[PDB]
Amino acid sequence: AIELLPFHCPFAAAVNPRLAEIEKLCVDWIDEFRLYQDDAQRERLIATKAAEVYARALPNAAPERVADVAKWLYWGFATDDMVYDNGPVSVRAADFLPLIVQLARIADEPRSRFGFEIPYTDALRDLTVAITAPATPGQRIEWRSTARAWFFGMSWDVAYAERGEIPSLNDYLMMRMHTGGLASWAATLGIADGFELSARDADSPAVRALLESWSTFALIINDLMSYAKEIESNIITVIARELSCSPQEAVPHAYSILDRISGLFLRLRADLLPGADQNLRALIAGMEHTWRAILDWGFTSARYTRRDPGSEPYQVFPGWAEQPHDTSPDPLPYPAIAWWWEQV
């Protein structure tokens, strides 16, 4: 295990007023499709509180829509602990790829069926239709492509897992945004909150840098809190290999990269907001709420704090920082993502 440092976030906490209602609609959905093998698994899935992190990211969205997108994450966690990050398929790329393309296919078209399907695939069809059916054509095109990118990203993790190797810090920062599916998270934010970027904004290299920098630092925050659970491919382990230091010595380096990427995100945000349309301002607002959502929910969620729902927490929130850890405005030397700083 390791000791985490306090976190810097300059945005106020936000939660959807009708959170209690959103979670019940999700619990009803979980029980309807039986997203568990016994009551213990049901308890553990509910303890993730996936409804919360979405409600904290979507404080002004209709609760029916927050609940619909929350199912994606509930299903996510259920299939994550079963298939993606544990089990025999999680360490064989030739077994993972045939399985994972079927889930990517069902995301694109729920009417696509196969002879053998993994548990909770019926739930994947339902949440897909529930999320995408009322959405715009553009939002659906975004849902499909971002989902495939996530499933393709998780395959890349299994490759390194199969070989028992840790990827380079350059390769990790490039691919981590895909493995965490933050592009898909942003797409569900648009669908639920009822915003959609223009083709112009989405393609523009400033907004791409904004999304990728945001995506990366959001998932580095995940790595820090989820490090303990994953032991009981992480920014701590990747830095530990590359610098040949211990996990504890890789903490300040992680926070340095975290602060340098979030520092760039705020710079890009400040440049875009003045000229931003109602759709881009809504995403930026969504990105702000997500920052607080991950920290406020993450260190109160049993997933990253408890070994079982009911046991005392092994992790507590490390606290709030007034200043950033690293104020260096220079670009990171990792050439897969160094181009971000060119859009300032």
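Counting begins at 1, following the sequence as shown.
Deposited sequence between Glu232 and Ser233: 4 to 9 residues lack coordinates. Averaged over CA atoms, B-factors in the entry run higher in 239 to 247 than in the other of 239 to 247 and 94 to 102. Of the two stretches examined, 270 to 278 and 167 to 175, the record assigns the greater average C-alpha temperature factor to 270 to 278. Looking at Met287, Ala40, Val316, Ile46, the one whose CA carries the top B-factor in the deposited record is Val316. Per-chain ranking of the deposited C-alpha B factor places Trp341 in the middle third. The deposited CA B-factor of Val27 belongs to the middle third of values across its chain. Annotation for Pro252: C-alpha temperature factor in the highest third relative to the rest of the modelled chain, per the entry. For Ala228, the recorded CA B-factor ranks within the highest third of the chain. Only modelled residues enter the ranking. For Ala70, the recorded CA temperature factor ranks within the lowest third of the chain's modelled residues.
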